[PDB]
Amino acid sequence: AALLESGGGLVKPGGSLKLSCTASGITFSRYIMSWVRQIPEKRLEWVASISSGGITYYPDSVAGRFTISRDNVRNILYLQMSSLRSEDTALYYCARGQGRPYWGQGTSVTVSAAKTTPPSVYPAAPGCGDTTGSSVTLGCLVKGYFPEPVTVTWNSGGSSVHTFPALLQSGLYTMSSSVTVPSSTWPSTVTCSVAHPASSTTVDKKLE
Amino acid sequence: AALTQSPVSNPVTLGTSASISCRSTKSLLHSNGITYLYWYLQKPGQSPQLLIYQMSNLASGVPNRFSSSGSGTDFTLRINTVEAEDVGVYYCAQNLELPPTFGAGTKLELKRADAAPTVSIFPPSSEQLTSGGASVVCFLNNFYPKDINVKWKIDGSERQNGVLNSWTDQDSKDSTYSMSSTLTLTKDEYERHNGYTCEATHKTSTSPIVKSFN
Ligand SMILES: O=C(O)CCCC(=O)Nc1ccc(/C=C/c2ccccc2)cc1
């Protein structure tokens with residue numbers, strides 16, 4: 001039993017987008033299916049619902065711009081969004097709220113004018129002039145990328161990791177990630193992998 | 001139907017139990033005897049995870065340290081033996097009536113022993129200076145409480161202006177906090193001066209831990 005949202009991405013103000021939701025083990029025609037969204041502030045917001053009877057519901061904020069529909073044959077839930085406003089930017093979830101709630105992983109919708117920009121990665125290492133002993137802290141600085149979703153991974157194996165929230169600067173996002181390991185193993189190559197799907201880009205850096 | 005929870009719990013000691021309250025403006029008890037209240041957890045950079053539904057049922061994968069009790073309007077989420085991975089925000093919500101509403105979330109505060117931040121600074125990488133631009137970075141990792149102030153001294157002088165700070169939420173394993181402090185400046189500004197100081201005053205450790213380079 002899983003729900004899978006699909007369709008998000010970048011879109012400019014006034015534009016339109018169509019999200020889809022498929023499922024395994026859940027028969028949409030039998031329930032009140034819903035769409036809810038998570039605004040950066042982190043509080044869930046109801047977007048739309050459709051009953052098994054086909055009656056649609058919407059809060060004023062989207063009343064005539066969004067349309068929820070269901071395909072009872074193929075078992076697909078739809079959310080047609082029109083006249084998109086920057087305030088509609090969020091993670092959109094598909095959900096079966098009756099009884100035991102179920103929702104998917106969510107799909108991100110960004111209503112913006114700015115243009116996609118891949119991230120610049122700079123290896124953050126000590127060098128010469130400071131403390132270098134047991135457990136040295138290394139890191140990678142990711143700068144100047146727009147669509148915020150970015151993923152930092154260290155040699156796909158490490159818990160001594162610390163990834164800080166991305167901060168916006170000059171219309172572009174910047175963040176850093178640090179990792180600590182015993183000096184008794186620096187000569188084993190440390191690599192940070194920055195993945196930024198909104199550009200299909202993914203840079204790797206070998207510290208030192 | 002409005003759901004209300006406090007925004008934070010009193011700090012909790014590992015191994016002890018935690019209580020998270022919630023209430024609704026209307027009874028969630030339905031004529032069929034079921035109470036349509038469900039709870040879920042929101043961890044940093046993750047999708048909400050269902051914990052309990054229909055008031056007393058555990059979702060899948062949820063340990064029995066979690067339990068929910070209460071009437072039709074007042075509820076408590078109980079957590080026996082709090083563990084470090086339990087940190088995050090807890091939401092109550094209702095699925096009795098169509099216009100779905102959610103509580104505001106209660107953040108679980110983990111109380112632990114005071115800890116000094118492990119500071120470390122780094123000079124702008126060549127690659128960065130190349131493309132014109134220099135940012136100096138320093139990390140204040142694994143400290144507690146999260147109360148802390150950081151100051152930048154370019155050549156032993158007041159700076160601020162171009163400094164960005166970022167904090168992590170309570171760590172899921174150590175229950176500590178970590179912070180990032182970045183000073184961004186033009187390749188020119190950087191070249192000029194040569195005495196950069198990262199000063200962290202942990203308001204609960206004295207003797208300002210500092211680092212700098214030339
Ligand atoms: O007819 C009735 O009994 C009332 C039905 C009410 C209903 O559909 N509820 C309902 C609808 C959507 C949700 C979504 C919850 C959620 C929770 C966490 C993450 C993402 C989504 C939760 C509940």
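Whatever order the structure lists them in is the order used to number ligands and atoms, beginning at 1. Below, chain A is the first sequence line, B the second, and so on; all start at residue 1.
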Under 3.5 Å: donor-acceptor pair, side chain of B/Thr106, backbone of B/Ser6: yes
Contact table, ligand 1 N/O with protein N/O, distance under 3.5 Å:
{"from": "ligand 1", "atom 1": "3 (O)", "to": "B/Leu96", "atom 2": "O", "distance (Å)": "2.7"}

Where the side chain of B/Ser178 meets the backbone of B/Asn142, is there a donor-acceptor pair that is under 3.5 Å apart? yes
Can a donor-acceptor pair be found between the side chains of B/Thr76 and B/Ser19 at a distance below 3.5 Å? no
Ion pair present between B/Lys211 and B/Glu199, side-chain N to carboxylate O less than 4.0 angstrom? no
Show your working on side-chain hydrogen bond (donor to acceptor under 3.5 Å, both in side chains) between A/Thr137 and A/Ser178 and close with a plain yes or no. CA-CA 7 Å; A/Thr137 56; A/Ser178 55; over 6 Å; no
For B/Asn32, enumerate each residue passing the side-chain contact (heavy atoms from CB on, under 4.5 Å) test, keeping only those at least two apart in sequence or located in another chain. B/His30, B/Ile34, B/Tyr36
